[PDB]
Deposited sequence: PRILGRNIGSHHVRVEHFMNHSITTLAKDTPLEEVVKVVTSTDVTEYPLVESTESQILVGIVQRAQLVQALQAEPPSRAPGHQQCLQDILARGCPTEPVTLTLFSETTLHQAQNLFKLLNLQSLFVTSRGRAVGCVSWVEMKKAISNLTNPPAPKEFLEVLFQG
């Protein structure tokens, strides 16, 4: 468990929202995902994690002030949409041993993962359990299908 790192088993299927993300794109993201929260990044270019926004809060803000006159996420945040601070995260190089101990002892359900400050994934017990299982029962290699 000391050789397996979070980057090996983390879920890459996360959708980051940036302060400069066009409001049209924000609406598309919110109406196409069902996650409870989204990692907020400084800019689309940097992807530097700076906070967390809860979907329920973002939905409420969008319903109140529906999206020429181009707008971005920062406009909605400046308008009053609540954001949450980042107080704990995993890192790409955090070991499976460290991650499991952290989740167990702090009674956590999930955490975002950063690498060089950038939001790169998330880990929940679903991913953790899969990694632990692979320790003794590694899955068979993935197979491909193609039009020969």
- Note on the structure: In sequence order, the deposited stretches missing their CA atoms are 1-9, 77-80, 162-164
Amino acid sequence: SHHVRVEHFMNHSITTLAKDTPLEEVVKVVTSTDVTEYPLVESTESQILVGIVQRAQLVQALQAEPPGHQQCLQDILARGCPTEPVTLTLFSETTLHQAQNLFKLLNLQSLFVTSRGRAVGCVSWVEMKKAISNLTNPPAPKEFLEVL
From here on, numbers count along this sequence of modelled residues.
- Message: Averaging CA B factors per stretch from the PDB record, which one is higher: 30-38 or 94-102?
- Response: 30-38
- Note on the structure: Stretch with higher mean Cα temperature factor, 9-17 vs 135-143, is 135-143
- Whose C-alpha has the highest temperature factor in the PDB entry: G51, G68, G121, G117? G68
- Note on the structure: Chain-relative C-alpha B factor for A64 (record values, thirds): the highest
